[PDB]
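# Working through the structure, step by step
These are the residues of each chain, in order.
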Amino acid sequence: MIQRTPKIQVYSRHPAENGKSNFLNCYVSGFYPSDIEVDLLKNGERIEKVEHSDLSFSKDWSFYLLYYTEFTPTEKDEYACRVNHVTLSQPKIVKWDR
């Protein structure tokens, strides 16, 4: 089948400041086909408030879209992008760094 393994990148809009509302961002790109599943994990858990760009597609990048959610950071918390895609054996988990 025609296929392209997604690039995943996780990050926030504005750099980290531990009591101020920010957004958490998972940018998934370069994938084909375009059946994809992306979840943001707040401490191995499943932020049920999560939105995404419309899904776009370019002759060069192929398929790409962004998932974000609002989130006042902390030293405790750890945040992650789970991505599943046909190209990937098991789902990839990408942890929000800084």
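### What to know about the pairing of strand 8 (residues 92–95)
Looking along a regular strand, one sees the side chains alternate between the two faces of the sheet. With 4 bridges connecting them, strand 7 (residues 79–85) and strand 8 associate as antiparallel partners. Along strand 8, the bridge assignment pairs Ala80 with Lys95. Connecting strand 7 to the next strand, strand 8, in antiparallel fashion are 6 residues.

### Remarks on unusual backbone geometry
In this structure, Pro33 follows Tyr32 across a cis peptide bond, with omega equal to 0°. At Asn43, a residue that is not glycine, the phi angle is positive and equals roughly 55°. Relative to the elements of secondary structure, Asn43 occurs in the loop between strand 3 (36–42) and strand 4 (51–52). At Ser62, a position not held by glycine, the phi torsion is positive, near 70°. For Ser62, the position within the fold is in strand 6 (residues 62–70). When its relative accessible area of 7% is taken as the criterion, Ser62 is described as buried.

### Re the pattern of salt bridges
If you walk through the whole model with that rule in mind, you get 5 salt bridges. A salt bridge links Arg46 to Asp39; the shortest N-O distance between them is 3.4 Å. According to the relative accessible area criterion, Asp39 is buried, its value standing at 18%. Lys59 serves as the salt-bridge partner of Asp60, at 2.9 Å between the closest nitrogen and oxygen. A single salt-bridge network, built from bridges that share partners, covers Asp39, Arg46 and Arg82.

Cut-off values and rules
Residues numbered from 1 in each chain as written, not as in the entry; some residues may be left out. Heavy atoms only, no water. Residues with missing side-chain atoms left out of burial classes, pairs and counts. Pairing = 2+ DSSP bridges. Helix = DSSP H or I, 4+ residues; strand = E, 2+ residues; numbered from the N terminus. Buried < 20%, exposed > 50% of the residue type's maximum accessible area, 1.4 Å probe, protein only. Salt bridge = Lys/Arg side-chain N within 4 Å of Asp/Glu carboxyl O.

In short, geometric facts, not functional conclusions.
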